[PDB]
């Protein structure tokens, strides 16, 4: 390795930050960036925006700070919790897992069903309303004091090295957050660089990303994860893979200016022998509204870290891909 990002990745991935409660992650980001940013602000949606540099061109790098999890929606007479999903969490991934709550309380996920046929019927068509969380309470009253309705939880799973790979919860998108932090620590920007550590935008709600988080940027580059389809039988040509480098794309039907960002990233990677992969463009439909949506706003591209087991408690990345991503961005955004 040529960066020293392990501890940053451990800290960010282990931090508590389900959608709606990301205070710890923002605080960690600001501590890591102390002395490396010229300023910051937090918008009314909870997006953290930082900046460094004074160059003519304004560039956003945007990674999501929120993670998948659960929210408590009911407490029963014996102290058991009902939950709903926060983000894309499959109930299959939650079965038998331990969940850590904001206040440090640990709970165990169980499933309803007594007989084999009951459990078989349930587990074969698993629904969140068949799950519950046991926090060791013996009554509604004990449980409501520890995890009242509206409490968030995340996986009780942290960071581990798995023969040269890194595994943790919340690679999506704490790994993107780590990339941006590392870029801010290392770069002497030729641009005015904005780092946005954003809350994800629920479908059906107004988000801030289209308006550039109020930053009048010339370019916006999302730093995300993409599924690494290099596991057994999910073996196709042109798949994203671990150790293939950052995955580069734009949206389908992107503007000339957005495509230029992609071409320029490709050129940097080629000139500096940085591994990279060409990802299929983000699908956005085929209608007239979708066409006009890409031709307004800020020219944009996406750079993604290949990740196995996305949305599990054991998301896996190759540290070389992360370092390559940092290197690519520093070369692109530097002198």
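Numbering follows the first chain given and starts at 1.
Taking the mean C-alpha B-factor of each stretch as recorded, 53 to 61 and 269 to 277 are not equal, and the higher mean is that of 53 to 61. Comparing the deposited coordinates for 122 to 130 and 218 to 226, the stretch with the larger average C-alpha B-factor is 122 to 130. Set against one another, the Cα B-factors of 81, 235, 71, 106 in the record reach their highest point at 235. Ranking 262, 239, 177, 86 by Cα temperature factor from the entry places 239 first. Annotation for residue 42: CA B-factor lies in the middle third of the chain's modelled residues.
In the deposited entry, the Cα temperature factor of residue 284 places it in the highest third of its chain's modelled residues. Among the modelled residues of its chain, residue 296 has a C-alpha B-factor that falls in the highest third according to the deposited record. Residue 257: CA B factor in the middle third of modelled residues in this chain (values from the PDB entry).
In the deposited entry, the Cα temperature factor of residue 168 places it in the lowest third of its chain's modelled residues.
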